[PDB]
Asks: 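Would you mind keeping the following structure in view while I ask a few things?
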Amino acid sequence: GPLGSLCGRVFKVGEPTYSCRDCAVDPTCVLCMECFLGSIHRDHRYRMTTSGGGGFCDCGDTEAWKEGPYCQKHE
Ligand SMILES: [Zn+2]
Ligand SMILES: [Zn+2]
Ligand SMILES: [Zn+2]
């Protein structure tokens, strides 16, 4: 997987991405669905944006999230 990423996911065409409006630096900070659903951000105000192809999951990037950087799979 991409060097420097804990999750490793690169988004498929049509695959949902999740940015937490309450915690993300900006809308480019995203989680894949499995990371999002196992994260504290599932209860926050969020944005589901479908990837057009490409981009990558930011799970475990402690600079991307004001709180809750690791989902349960990546704890
Ligand atoms: Zn992920
Ligand atoms: Zn994760
Ligand atoms: Zn959040």
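Sequence positions, counted from 1, serve as the residue numbers for this chain. Whatever order the structure lists ligands and atoms in, that order sets their numbers, starting from 1.
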Asks: Tell me whether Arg47 contacts the main-chain N or O of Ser19 through its side chain, where contact means a donor paired with an acceptor under 3.5 Å.
Replies: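 No: the side chain of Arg47 does not pair with the backbone of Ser19.
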Asks: Mind reading off the angle at the Zn ion (ligand 3) between the SG atom of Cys20 and the ND1 atom of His44, rounded to 10°?
Replies: 110°
Asks: Would you give the angle at the Zn ion (ligand 1) between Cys57 atom SG and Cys7 atom SG, to the nearest 10°?
Replies: 110°
Asks: Do the non-hydrogen side-chain atoms of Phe56 and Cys32 ever get within less than 4.5 Å of each other?
Replies: no
Asks: Taking 2.8 Å as the cut-off, does an N/O/S atom of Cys71 lie below it from the Zn ion (ligand 1)?
Replies: no
Asks: Of all N/O/S atoms in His41, which lies nearest to the Zn ion (ligand 3)?
Replies: ND1
Asks: Closer than 2.8 Å to the Zn ion (ligand 1), do we get an N, O or S atom from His74, backbone or side chain?
Replies: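 No, since none of the N, O or S atoms of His74 sits under 2.8 Å from the Zn ion (ligand 1).
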Asks: Is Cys32 close enough to the Zn ion (ligand 1) that one of its N, O or S atoms comes in under 2.8 Å?
Replies: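 Given the 2.8 Å cut-off, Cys32 counts as a ligand of the Zn ion (ligand 1).
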Asks: Rounded to the nearest 0.5 Å, what separation is found between the NZ atom of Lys66 and the SG atom of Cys29?
Replies: 13.0 Å
Asks: Check for a donor-acceptor pair, side chain of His41 on one end and backbone N or O of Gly68 on the other, with a separation under 3.5 Å.
Replies: yes
Asks: Do any N or O atoms from the side chain of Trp65 and from the backbone of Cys20 form a donor-acceptor pair under 3.5 angstrom?
Replies: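 No; zero donor-acceptor contacts below 3.5 Å.
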